[PDB]
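Protein chains in written order, with the deposited numbering: chain A, 2 to 117, 236 to 241, 244 to 328, 341 to 400, 456 to 502; chain B, 2 to 117, 236 to 241, 244 to 328, 341 to 400, 456 to 502; chain C, 2 to 117, 236 to 241, 244 to 328, 341 to 400, 456 to 502; chain D, 2 to 117, 236 to 241, 244 to 328, 341 to 400, 456 to 502. First the structure, in the form of structure tokens, and then the observations on it.
There are 4 protein chains.
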Amino acid sequence: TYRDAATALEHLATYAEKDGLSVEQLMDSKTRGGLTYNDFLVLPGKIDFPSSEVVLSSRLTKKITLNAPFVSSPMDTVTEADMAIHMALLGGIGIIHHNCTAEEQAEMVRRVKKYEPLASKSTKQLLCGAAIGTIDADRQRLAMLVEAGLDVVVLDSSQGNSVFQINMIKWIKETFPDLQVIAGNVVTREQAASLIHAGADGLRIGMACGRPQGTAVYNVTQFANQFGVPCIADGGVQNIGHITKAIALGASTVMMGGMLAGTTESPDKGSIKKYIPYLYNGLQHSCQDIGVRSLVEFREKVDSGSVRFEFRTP
Amino acid sequence: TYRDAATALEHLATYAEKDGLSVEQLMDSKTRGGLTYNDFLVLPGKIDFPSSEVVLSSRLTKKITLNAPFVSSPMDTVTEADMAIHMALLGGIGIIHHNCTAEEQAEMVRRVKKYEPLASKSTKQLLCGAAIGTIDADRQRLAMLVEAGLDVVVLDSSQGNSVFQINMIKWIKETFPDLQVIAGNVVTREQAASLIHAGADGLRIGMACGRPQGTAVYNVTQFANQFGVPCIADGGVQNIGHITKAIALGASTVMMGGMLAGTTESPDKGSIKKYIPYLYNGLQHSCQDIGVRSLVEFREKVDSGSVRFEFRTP
Amino acid sequence: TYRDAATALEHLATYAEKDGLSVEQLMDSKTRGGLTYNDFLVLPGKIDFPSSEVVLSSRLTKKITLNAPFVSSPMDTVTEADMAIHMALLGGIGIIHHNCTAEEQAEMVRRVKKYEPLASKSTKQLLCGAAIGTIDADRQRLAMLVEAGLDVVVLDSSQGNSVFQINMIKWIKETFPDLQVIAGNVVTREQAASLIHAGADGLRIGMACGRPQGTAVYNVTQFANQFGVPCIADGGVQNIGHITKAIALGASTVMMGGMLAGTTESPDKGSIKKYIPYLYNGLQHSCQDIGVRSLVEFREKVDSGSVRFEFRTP
Amino acid sequence: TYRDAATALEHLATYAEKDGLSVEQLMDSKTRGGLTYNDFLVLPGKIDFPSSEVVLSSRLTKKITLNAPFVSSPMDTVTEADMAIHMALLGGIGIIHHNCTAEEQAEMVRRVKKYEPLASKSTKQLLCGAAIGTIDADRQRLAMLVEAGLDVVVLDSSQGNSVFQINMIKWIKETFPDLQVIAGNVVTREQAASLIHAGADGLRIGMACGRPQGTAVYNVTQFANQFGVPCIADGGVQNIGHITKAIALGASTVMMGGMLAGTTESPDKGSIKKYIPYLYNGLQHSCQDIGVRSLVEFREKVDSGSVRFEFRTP
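Spelled out as structure tokens, the structure:
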């Protein structure tokens, strides 16, 4: 009559595929269309370890790795020296905004770099990022930032795939060889190809014209990750769920803007000194539930079709 | 011109399939995606009997059968001795919560078991269930519950497919052979396989990480029912419609939480002594409309493709 | 360069099919799922006549034809003698409700039948319908209604495909051969087959258990219309758009409940003497826009794939 | 290990198609159904020029080309001589409404034509359009409008594919050979074929009976543009996004109604003298982001599958 319980693990082989969808099946522009994080769930797996064991090391750029995938956005309502210092102490990084004079921006970088476990350090000084535009003036700005000790620059554009930005990337790589460059914003595979070819060390993802973020992250990273170019998901995550899903779909780090506005160190959500640990633990538990011991493993399992997904009805 | 009325039953054969969808067609993760109960309807069939004839006997675990598929959730706002006693008198069962000391929980079980037609009885005493965690302490807790006469234990976890829970299942089966074990929570076929292999007598279904309940119930039970492992649908049903659909998709019993908060016997919806009969009759009428004389028949008809469904637009 | 304007009608042949969807393509339970009237639009065609020319004659049952497809529902808030008289004068019909004693119901019928162009007449007296249940008592009720001059009886059930209703149909046909019987409610092809086989002269369409109305109307009528059994759409139309779409999908007449509550003749929307003409003209204009000169033509064009449809996003 | 950055542009060839959907893939009535502008996004491309270089010249009719695709609707709340004069000065055109006597309408045209860079001019006088019906009286009306200097007439109908309108088109072409005729409204390929065959110089797109605008625009223009018959999108655009998408899908110009109600020159949104430049620049930037240097190029790129799209979930 009924099947033997002892055969339950073996009986999974009478099925053509694993329960749920692979990421490739989920992210089908032809059938499901463009997806946001709220449009799907990640299915749980097997828990064989405590969440405390989960490693969250994350590539920010080709040469920079953080102990956590959290990056503060270059918004004048979010990141200044205070934010950048405290994000780095907590294992992420801060991208200092450029709605300020070049001198003011360099002094903020200098404050971070002069500041004295999970901590993001270069020099042994705290890591610092900063945003610039691709206007002629930003060349002088960048030179000042580099003089102040900048580790990574983010080129700040709604539409990054431009001759202006490509030229800026090429100039930076030639002029400041030790500086890591994150280009963007991009939402398509073609945009990604163009800026990778130009010499980008990382990409920033998000945008009549635009693209649903989940679909953007998947299609850009599916291409970029083949070139070892890590991507930042910058679509305005609001919670641990959004962060887990951004990474699931291919992002290496996640940019936090509105999420961090209102915290103590922003220029009330309280202190980042509590909030980032809360997110860090939340992401450890997400990985635990999914059955992966690191974000590197998480990426590998998803790309192999081991991690499964389900599309959600409205 | 027009076809003869006398040929109407025979003309149904010029059609390739029955009107509406089979459950397999409905629950397609590739086309429709993940479904909740509100996303579909069960199509009516042929009424050849009064609703009063409908039998609602339901398997709780491999060895325990109830006269009705109603199970009270182990929530400190829902089930205590009062609830558990009255659920059992009405042909269902109550799972006593464990947000309390082990001694307090055992005394609540003892109250149920010492209490003196559709009634759920073991000993001739009322059936009682209780929830525990899978922490080391819960081993001592369970021993106390068993001493008090416990018939079935529910392992209480958001994500039940863990080494901790698997170990707990194996220990219980070896230590308390006469005790029935319901494992969970699970939402996937793989999770179900793992806990069935470990020795579960039943599964509890429901859950960044999770799954729409209709899809969860279908895919877990489609696997579990082959092993004679009955599943409890625990996604928070709110009405008779939800209960009918949970069972349609494969659930053997349904867990009621919020539905029963506010009733007289919970620790105003009035008395369960009225409400459960109301639900019992409602489910009889649902079965009647669908054209099935029992929940066993209902399961068989659905799995054979006889019972039909329709997906609902928003 | 550009194509000649003179060839525009001929160039439509380089296309594999007409623009938009056929009704069969629209009403696909596998792809689109279950549809309501709000989920689609009828595409316009070619206007070659004034709307005043549009004929709205509609089959109520195998033997009864009305000058307009409007039927008042058997609700004690909608149809009594006043409503039924005035609906018949305007070319539709009224189904008198049965939330009343059999004597009271017969007197209401008698009032209609004794009352002295588009007018619905049998005898030369106004046509009258009435609802009954399928309980033993309704046999005596029906005998009284028939004595009072009843032309058509509607069997009033949420789920009409029952042994009780089948028995009632067979008894009526044998006992009152001149009486037309509308059976229901049904939502599926199988239910329709059963009640047609029993001897129904018409079907009433609409209903955990149920079906989206557009899909119900299409699938029931696609079957029933082959047997010359006209169907009433009873899903609670609210406007001219709903009425046009119900008929487009296969309904022969449309039942109005809530639409007519609040009018002067119901037991403020004003007088039916104004409202029905307003709907009558609205439906003429709908037919005009679609390019059909009658509801008979409308049915034929839709079933041949000439009339086209478009599914609407939310 | 990782792929070389230098190969990034070449690696795009291992993919079967470009990222995102072609317009033909997007506008599938069978899979996605009927779409509105809010249901999709246009994907960004490569920026190789400043937005100021973007040319927005747009065909209004076979013989009339405007410097911008903006047309004011013939609504008595939107277009009169003031509106029409100022729209023409800004490189678009105004269609004067006909909820007025024929004499009053002709005097409004006369005011435009007698008025003394991007400016729309015929004679060297400002271009003027006007709406008429297809009633017998409108023949005398049109003669008066033509005497006043009318350049283009719009036949004003909810459903333009009628013998009345076809007759009117043929009469106009024969009687006033120098007058350009825009026929409509149409929403289908068949309606378009009929009015093109009759002699229309342009079509106006938009409409129980109707069609989602994005789908209407695509299917009508995909046919009409082959005959060099430019189409006006008249579905009530509200913003720059709507305007960009209407043109993306095939429209040559866009009609603005509600958008322009409340402006200074309508019979507060301020002056059109500011608002139209704002829209003009917005559309230049949209084209820039997409990577096209003109609306002619935009049409060509979209029809070739170069410009890509993404369907948006709710």
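C-beta: ideal position from N, C-alpha, C; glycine also.
- Our two residues, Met88 of chain A and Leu393 of chain A, have alpha carbons roughly 11 Å apart in a direct line.
- No Cβ-Cβ contact shorter than 7 Å links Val79 of chain B with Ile365 of chain B.
- One finds nothing in chain C with a Cβ atom closer than 7 Å to the Cβ of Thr386 of chain D; even the nearest lies about 18 Å away.
- Annotation: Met389 of chain B is outside any alpha helix (DSSP H); the continuous beta strand (DSSP E) that includes it extends over 386-389.
- Measuring C-alpha to C-alpha distances from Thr386 of chain D to each of D:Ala313, D:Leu36, D:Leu324 identifies D:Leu324 as the nearest.
- With a beta-carbon spacing of about 6 Å, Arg496 of chain B and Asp20 of chain B fall inside the 8 Å limit used to define contacts.
- Under the criterion of beta carbons closer than 8 Å, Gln312 of chain D and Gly281 of chain D qualify as touching, at roughly 7 Å.
- Below 8 Å, enough C-beta pairs join the stretch 59-74 of chain A and the stretch 86-100 of chain A to call them touching: three or more.
- Contact of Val370 of chain B with chain A is not assigned, every C-beta pair being separated by 7 Å or more.
- For the stretch 17-36 of chain D, residues whose beta-carbon sits nearer than 8 Å to a beta-carbon of chain A comprise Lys19, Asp20, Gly21, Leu22, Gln26, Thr32, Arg33.
- Against chain D, the beta carbon of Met328 of chain A has neighbours under 8 Å at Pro45, listed in chain order.
- Closest in C-alpha terms to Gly374 of chain B, from the list B:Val490, B:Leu471, B:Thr296, B:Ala85, comes B:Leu471.
- At a cut-off of 7 Å, the C-beta of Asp491 of chain B has no neighbouring C-beta in chain A.
- Within chain A, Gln280, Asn282, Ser283, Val284 have C-beta atoms less than 7 Å from the C-beta of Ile48 of chain D, given in sequence order.
- Residues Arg500 of the same chain have their beta carbon placed closer than 8 Å to that of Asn39 of chain B, with the five preceding and five following residues left out of the count.
- Between the alpha carbons of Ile48 of chain B and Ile380 of chain A lies a gap of roughly 53 Å.
- In the three-state DSSP reduction, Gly347 of chain C falls in the helix class (H, G or I).
- Contact between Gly93 of chain C and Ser74 of chain C does not hold, since their C-beta atoms are separated by about 12 Å, which reaches or exceeds 8 Å.
- Note on the stretch 297-325 of chain A: whole alpha helix (DSSP H) runs with a minimum of 4 residues are 310-319, in chain order.
- Between the C-alpha atoms of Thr32 of chain D and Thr296 of chain C there is a straight-line separation of about 52 Å.
- For the C-beta of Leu42 of chain D, the chain A residues within less than 8 Å are, from N- to C-terminus, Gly35, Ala341, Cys342, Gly343, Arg344, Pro345.
- A straight-line Cα-Cα distance of about 44 Å links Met265 of chain B and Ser58 of chain A.
- Comparing alpha-carbon positions, the option among D:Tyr16, D:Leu10, D:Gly35, D:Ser30 lying closest to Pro345 of chain D turns out to be D:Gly35.
- In terms of Cα proximity to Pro400 of chain D, the closest of D:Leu248, D:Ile97, D:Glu54 is D:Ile97.
- Annotation: the continuous beta strand (DSSP E) that includes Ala252 of chain D extends over 250-253.
- Not one beta carbon of chain D lies nearer than 7 Å to the beta carbon of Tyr463 of chain C.
- The beta carbon of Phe499 of chain B falls within 7 Å of a beta carbon belonging to chain C, placing the residue at that interface.
- Counted as a single uninterrupted DSSP element, the beta strand (DSSP E) harbouring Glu498 of chain D occupies residues 497-499.
- Its Cα nearest to that of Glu105 of chain D, the residue D:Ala251 stands out among D:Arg4, D:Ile303, D:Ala251.
- When C-beta distances to chain D are compared with 7 Å, the residues of the stretch 310-328 of chain A below that value are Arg310, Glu311, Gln312, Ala314, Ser315, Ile317, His318, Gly320, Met328, in chain order.
- Straight-line spacing of the CA atoms in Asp77 of chain B and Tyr463 of chain C works out to 58 Å.
- Our two residues, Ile290 of chain A and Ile287 of chain D, have alpha carbons roughly 60 Å apart in a direct line.
- When 9 Å is used as the limit between beta carbons, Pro298 of chain D is near no residue of chain C, the shortest such separation being about 15 Å.
- Straight-line spacing of the CA atoms in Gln26 of chain B and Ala341 of chain A works out to 37 Å.
- Per DSSP, the beta bridge partners of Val275 of chain C are C:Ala252, C:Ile303.
- In the DSSP assignment, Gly95 of chain D falls within the unbroken beta strand (DSSP E) covering 94-97.
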